[PDB]
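One structure below.
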Amino acid sequence: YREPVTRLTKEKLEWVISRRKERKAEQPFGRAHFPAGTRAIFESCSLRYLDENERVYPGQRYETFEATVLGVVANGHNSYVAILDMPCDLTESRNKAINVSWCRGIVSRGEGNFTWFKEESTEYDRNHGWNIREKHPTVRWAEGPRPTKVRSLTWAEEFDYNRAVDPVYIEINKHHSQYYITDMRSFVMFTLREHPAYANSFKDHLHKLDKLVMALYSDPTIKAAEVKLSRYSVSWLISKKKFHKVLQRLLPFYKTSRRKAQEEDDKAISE
Amino acid sequence: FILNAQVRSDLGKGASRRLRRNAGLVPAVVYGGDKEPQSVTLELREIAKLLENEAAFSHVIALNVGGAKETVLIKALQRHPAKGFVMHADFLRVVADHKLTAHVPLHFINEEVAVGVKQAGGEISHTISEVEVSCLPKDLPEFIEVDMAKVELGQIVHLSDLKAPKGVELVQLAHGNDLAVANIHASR
Amino acid sequence: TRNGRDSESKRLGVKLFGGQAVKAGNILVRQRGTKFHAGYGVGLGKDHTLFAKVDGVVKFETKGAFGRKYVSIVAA
Amino acid sequence: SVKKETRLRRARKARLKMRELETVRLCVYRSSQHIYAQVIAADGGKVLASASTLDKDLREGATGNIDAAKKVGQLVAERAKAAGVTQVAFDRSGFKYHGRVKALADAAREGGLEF
Amino acid sequence: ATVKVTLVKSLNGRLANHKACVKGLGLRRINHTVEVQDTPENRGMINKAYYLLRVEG
Amino acid sequence: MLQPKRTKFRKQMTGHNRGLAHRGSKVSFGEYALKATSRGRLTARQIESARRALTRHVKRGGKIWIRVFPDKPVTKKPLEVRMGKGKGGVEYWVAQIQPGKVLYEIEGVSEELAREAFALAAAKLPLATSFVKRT
RNA sequence: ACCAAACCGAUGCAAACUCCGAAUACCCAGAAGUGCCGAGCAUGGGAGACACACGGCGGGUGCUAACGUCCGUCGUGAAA
RNA sequence: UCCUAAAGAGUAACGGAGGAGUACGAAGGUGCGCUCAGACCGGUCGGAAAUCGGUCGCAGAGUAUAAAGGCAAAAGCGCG
RNA sequence: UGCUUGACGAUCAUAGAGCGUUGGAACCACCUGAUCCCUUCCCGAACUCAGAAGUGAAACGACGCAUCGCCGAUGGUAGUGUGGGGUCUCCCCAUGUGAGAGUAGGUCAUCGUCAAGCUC
Ligand SMILES: [Mg+2]
Ligand SMILES: [Mg+2]
Ligand SMILES: [Mg+2]
Ligand SMILES: [Mg+2]
Ligand SMILES: [Mg+2]
Ligand SMILES: [Mg+2]
Ligand SMILES: [Mg+2]
Ligand SMILES: [Mg+2]
Ligand SMILES: [Mg+2]
Ligand SMILES: [Mg+2]
């Protein structure tokens with residue numbers, strides 16, 4: 004006997020060790036083992052199948068069924084569900100979605116690595132595309148001369164935003180080697196999912212998007228790039244190369260454990 | 004040592020060049036520890052007197068941007084090479100407790116009567132000047148006194164010879180080097 | 010003593026930049042000593058000539074150690 | 002050390018050629034006491050099946066023998082076939098393919114799994 | 002809204018690019034006023050040919 | 001006169017002399033210096049003529065630094081030779097000077113003795129040179 | 001009492017030197033309008049040309065001389 | 001082969017600098033194993049240096065052949 | 001919902017170099033003699049084999065400590081597309097773009113899958 008070195012309580016340590024060993028034993032497969040076309044057996048829940056007194060796989064409580072997987076999608080930070088070709092799902096869903104933890108075995112593996120199933124695009128996805136963002140500067144024209152350069156409001160907002168003959172807005176283009184950004188969070192979210200340089204890198208990693216955006220705000224380069232064009236919003240006019248350099252420099256330091264994020268989500272929804 | 008400034012809410016090359024010929028101003032920045040950098044305009048005449056002052060470089064200078072007052076130290080001077088005149092300053096804020104590296108001139112106060120001068124051939128060459136410094140702003144070394152009245156002919160003065168008084172360190176001595184300061188040799 | 014005798018300009022360079030669509034056996038880069046290394050779906054033939062093997066879009070990404078340039082083609 | 006980075010230097014040739022070929026890799030890690038074995042997908046960073054001696058059903062104090070490695074190579078094939086994994090490549094991980102590594106490889110073939 | 006441009010310079014000594022930008026805007030000769038939709042790519046040619054045009058609003 | 005002991009190549013292009021002198025415009029060793037406020041180039045004999053003028057007006061001590069070193073060889077075809085039969089041989093070496101460049105430095109002398117010595121030095125050069133102090 | 005590798009510090013210069021590095025120029029994809037009503041491509045009939053000159057911006061040679069000579073890129077004349 | 005050649009190709013001069021009109025039956029193919037140059041200390045006739053041991057190295061060596069571009073999956077070295 | 005450790009990876013100096021205390025619970029080499037395979041341009045250290053009679057430091061393993069290296073702002077400057085000028089081998093103006101170097105300072109990195117140990 005040696006005293007375990009842990010900050011957790013004794014009973015909590017027992018529970019953690021027991022759950023870890025049970026997860027390793029009862030659930031020996033993950034998202035890795037399911038390329039497209041892979042035939043796998045899945046142990047469904049008590050619904051639609053009978054409880055069995057005689058069980059063959061480790062910790063099998065229900066009957067299994069053999070089927071083929073099209074891919075895998077993520078229903079959580081560390082939780083993944085496999086998409087099958089059978090359409091029932093005990094509902095009107097076009098394809099079933101079952102947690103990969105329910106898998107008990109695989110008979111044949113499809114070619115290639117595990118395939119991320121491409122769910123059908125929703126109108127929300129089309130409306131919230133990367134290119135749907137505002138493209139060029141939109142400045143107000145309250146005084147006489149027509150604006151030709153993009154400038155901050157510079158306290159014109161503070162003393163006069165209610166009295167005006169009309170709030171004429173003129174669209175002014177920017178230099179081709181710059182980005183115009185209205186929402187930093189949305190721009191950095193659509194980026195790292197659709198940009199080519201950052202497209203397929205983060206399938207395995209989870210990034211702290213909010214912390215990354217706050218750090219990007221704290222970076223004095225983007226601070227210099229800030230331009231105030233409206234009263235209650237801040238837009239950025241930053242060179243493409245500078246933005247990409249800053250993003251590449253800051254990004255790898257803002258990764259977090261998927262398991263910890265999943266546990267935080269579980270404790271949040273449970274409470 | 005006192006100086007008033009402005010905001011300079013206009014950046015770039017043409018905007019920076021128009022200030023020098025039209026208004027005779029000089030841009031600048033105020034970057035520090037706990038605050039963001041702030042661009043600043045200044046008058047060439049006002050900077051000229053401070054530059055003409057001897058110990059103005061190694062001294063805390065109050066800066067009046069608007070009504071805002073701040074203790075500002077100068078540790079940079081961009082200067083036009085061809086004609087010769089001050090360009091944008093790039094001076095630094097002074098926090099009450101910070102290491103605050105800067106540059107300090109030398110004087111070589113006592114060289115009228117020296118051993119190598121009066122006894123042997125008399126020549127004194129000041130190899131280095133504007134020695135760096137690293138000390139808190141609570142005590143400002145305006146200058147460092149060097150005495151060469153006892154150094155004989157053929158001897159040289161290292162950085163370790165002269166002393167940095169009252170809690171002042173030398174970055175060059177923190178490095179693995181000890182530079183010569185002055186020499187006494189024979190005239191050709 | 011006398012020095013003329015120039016060479017005939019082998020027509021090197023890089024074709025099919027990183028926003029293109031490539032066929033099975035297109036020539037990507039005419040190179041001279043591996044300025045760019047073999048990415049995912051390129052071959053690096055006899056004279057270090059990068060050529061595609063599958064269809065996709067050229068990438069031009071820097072990967073791995075030594076700061077080497079890799080020319081990969083992405084099926085997108 | 003001197004040995005560790007030398008064997009890593011030796012292994013990386015085949016370990017990178019298999020990555021280019023996009024083949025499921027059967028890695029191995031020999032020790033002075035007991036041998037491991039892993040099956041890794043065609044991305045270099047994802048393990049599909051793995052049989053080792055330190056499980057709670059094979060540690061008996063006799064590990065570190067050619068006979069012990071035969072059992073590991075036998076019991077890795079059943080877990081590989083449980084994942085439906087065939088058409089794999091054998092990465093010796095810089096170890097000279099003469100002894101216990103060869104026995105593990107032969108037991109992998111005897112276990113139904115084929116390269 | 003729209004913006005009217007007026008050609009106030011000749012096209013007979015200019016580059017092959019600005020001479021194409023003016024034609025793309027749709028101007029045929031000097032003192033010729035046309036209405037163009039003030040799109041981000043229509044006013045981009047006005048920037049290239051700013052010295053040939055009188056943007057009178 | 002001053003020239004490299006050995007050179008990687010024998011002849012060089014004509015080139016151009018654009019821009020100011022941002023490096024070399026600060027006095028480093030001496031206390032007084034003679035910087036050039038006009039663009040041009042020195043031919044490696046003007047440097048010697050100015051050096052011998054500065055080193056004979058003091059005649060007591062001080063120290064002299066030659067900041068500019070000629071390293072650009074220039075060609076010159078001989079007379080009665082038609083153009084286009086190769087490239088001429090190297091006759092002399094040239095230093096390229098652009099505004100702000102410091103040419104000479106002096107220390108250990110009076111603030112006015114050096115001023116009237118650099119007056120002698122400037123008369124031997126084709127450039128309009130000003131007098132600057134250490135800072 | 002000369003000289004002197006090596007190392008440290010300060011300080012300058014290279015078309016055939018780079019720890020770096022633009023602006024422009026180039027390619028590919030998506031769009032509104034314009035194109036004198038077509039701008040592109042391919043197959044055929046007919047050709048003419050293959051001594052070029054000067055101006056601006058970048059270079060080689062020349063003496064960063066020549067309305068000098070050879071190039072890259074635009075304009076004019078040639079042919080207004 | 002480099003520059004001139006102006007950060008896609010190309011681009012002239014009786015413009016600046018260099019080489020080729022071959023070699024290998026292993027100097028090719030495969031499997032398995034190993035580091036280079038250079039500095040210092042010690043070690044008998046060698047001595048700044050030959051062959052040997054150790055450390056510091058972190059490719060500043062080497063490429064069959066001129067220069068340019070690459071070579072720790074070494075494209076360099078040895079054995080069947 | 002912890003700590004330790006092995007394997008393969010994401011990314012390649014903000015991930016590196018250098019400076020202590022340490023790990024017995026599996027590995028990590030070391031070791032008995034090299035008998036049985038295998039090995040030495042000669043060597044049981046490289047390589048291999050029967051483990052653990054021994055060993056926890058040299059060795060490595062992570063785990064402390066910001067001198068060096070690396071990263072690097074803002075601002076200005078150099079340069080430059082378009083148009084017009086001057087004292088036109090060079091520079092200026094309007095507009096757009098805009099380096100390199102230097103300049104407060106962070107860091108003993110941040111993550112993915114499998115496997116094992118500590119409590120039971
Ligand atoms: Mg090898
Ligand atoms: Mg015409
Ligand atoms: Mg160059
Ligand atoms: Mg002809
Ligand atoms: Mg002809
Ligand atoms: Mg002519
Ligand atoms: Mg004719
Ligand atoms: Mg070219
Ligand atoms: Mg070009
Ligand atoms: Mg060879």
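Taken in sequence, the protein lines are chains v, V, W, O, Z and M.
Just so we're aligned, residue 4 is where the first sequence starts under the authors' numbering, counting upward by one.
Just so we're aligned, residue 4 is where the second sequence starts under the authors' numbering, counting upward by one.
Just so we're aligned, residue 10 is where the third sequence starts under the authors' numbering, counting upward by one.
Just so we're aligned, residue 2 is where the fourth sequence starts under the authors' numbering, counting upward by one.
Just so we're aligned, residue 2 is where the fifth sequence starts under the authors' numbering, counting upward by one.
Just so we're aligned, residue 1 is where the sixth sequence starts under the authors' numbering, counting upward by one.
Don't be surprised by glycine CBs; every beta carbon is placed ideally from N, CA and C.
- Boundaries of the alpha helix (DSSP H) harbouring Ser-273 of chain v: 261-273, taken from the DSSP string.
- Annotation note: the stretch 177-262 of chain v contains the following uninterrupted alpha helix (DSSP H) runs of length 4 or greater, listed N- to C-terminal: 187-193, 212-221, 223-228, 243-253.
- A distance below 7 Å between beta-carbons, with the five flanking residues on each side excluded, links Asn-113 of chain V to the following residues of its chain, in chain order: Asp-150, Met-151, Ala-152.
- Distance between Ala-79 of chain V and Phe-118 of chain M, taken at the CA atoms: about 29 Å.
- Of the residues assessed, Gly-73 of chain W falls on the exposed side of the cut-off, its CB having fewer than 16 other CB atoms within 10 angstroms.
- Interface residue (Cβ-Cβ distance to chain V less than 8 Å): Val-74 of chain M is not classified as such.
- Below the 7 Å Cβ cutoff, chain v contributes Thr-157 as neighbours of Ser-12 of chain V, in chain order.
- Within the stretch 131-157 of chain v, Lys-138, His-139, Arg-149 place their CB atoms closer than 7 Å to a CB of chain Z, listed in sequence order.
- Looking at the DSSP output, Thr-67 of chain v bridges to v:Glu-46.
- With contacts defined as CB atoms closer than 8 Å, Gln-30 of chain v and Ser-111 of chain v fail to qualify as a contacting pair.
- With a cutoff of 7 Å, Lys-14 of chain O counts as near ligand 1, since its C-beta is closer than that to a heavy atom of the ligand.
- DSSP places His-106 of chain V inside the beta strand (DSSP E), whose first and last residues are 104-107.
- For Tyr-127 of chain v, the enclosing alpha helix (DSSP H) has its first and last residue at 126-130.
- Contact annotation: in the stretch 109-134 of chain v, residues whose CB is within less than 8 Å of a CB in chain O are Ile-109, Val-110, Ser-111, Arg-112, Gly-115, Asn-116, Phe-117.
- By the Cβ-count criterion, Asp-92 of chain O is buried, with 16 or more other Cβ atoms from all chains shown falling within 10 Å of its own Cβ.
- The C-beta of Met-89 of chain v has fewer than 16 other C-beta atoms within 10 Å across all chains shown, which makes the residue exposed.
- Under DSSP, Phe-162 of chain v takes part in no beta bridge, so it has no partner.
- The DSSP assignment places 67-83 as complete runs of the alpha helix (DSSP H) inside the stretch 63-94 of chain O, in order along the chain (cut-off: 4 residues).
- Beta-bridge partners of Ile-147 of chain V (DSSP): V:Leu-109.
- Residue state for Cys-22 of chain Z is assigned as helix, using DSSP reduced to three classes.
- Any Cβ of chain v closer than 8 Å to the Cβ of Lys-68 of chain W would place that residue at the interface, and such an atom is present.
- In the structure shown, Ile-64 of chain V adopts extended strand secondary structure according to DSSP, grouped into three states.
- In terms of beta-carbon proximity, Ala-39 of chain v stays away from the interface with chain W, with every pair separated by 8 Å or more.
- DSSP places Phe-75 of chain W in the helix class (H, G or I) of the three-state scheme.
- The DSSP-derived three-state label of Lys-52 of chain V is helix.
- Taking the Cβ atoms as the reference, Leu-34 of chain M lies roughly 7 Å from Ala-122 of chain M, within the contact range of under 8 Å.
- Shown here, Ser-130 of chain M sits in a strand according to DSSP, grouped into three states.
- Note on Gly-100 of chain M: 16 or more other CB atoms within 10 angstroms of its CB, so buried under the neighbour-count rule.
- For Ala-50 of chain O against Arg-80 of chain O, the beta-carbon gap comes to about 4 Å, under 8 Å, which counts as contact.
- If you look at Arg-41 of chain M, you'll find it in the beta strand (DSSP E) that goes 40-42.
- In the three-state reduction of the DSSP assignment, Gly-46 of chain O falls in the coil class, being assigned neither a helical nor a strand state.
- Here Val-27 of chain M has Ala-33, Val-102, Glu-105, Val-132, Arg-134 as same chain residues with Cβ atoms under 7 Å from its own Cβ, once five neighbours each way along the sequence are excluded.
- Collapsing the DSSP output to three states places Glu-42 of chain Z in coil.
- With contacts defined as CB atoms closer than 8 Å, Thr-7 of chain O and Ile-36 of chain O fail to qualify as a contacting pair.
- Across the set v:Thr-12, v:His-80, v:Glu-69, the C-alpha of v:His-80 shows the shortest separation from the C-alpha of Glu-267 of chain v.
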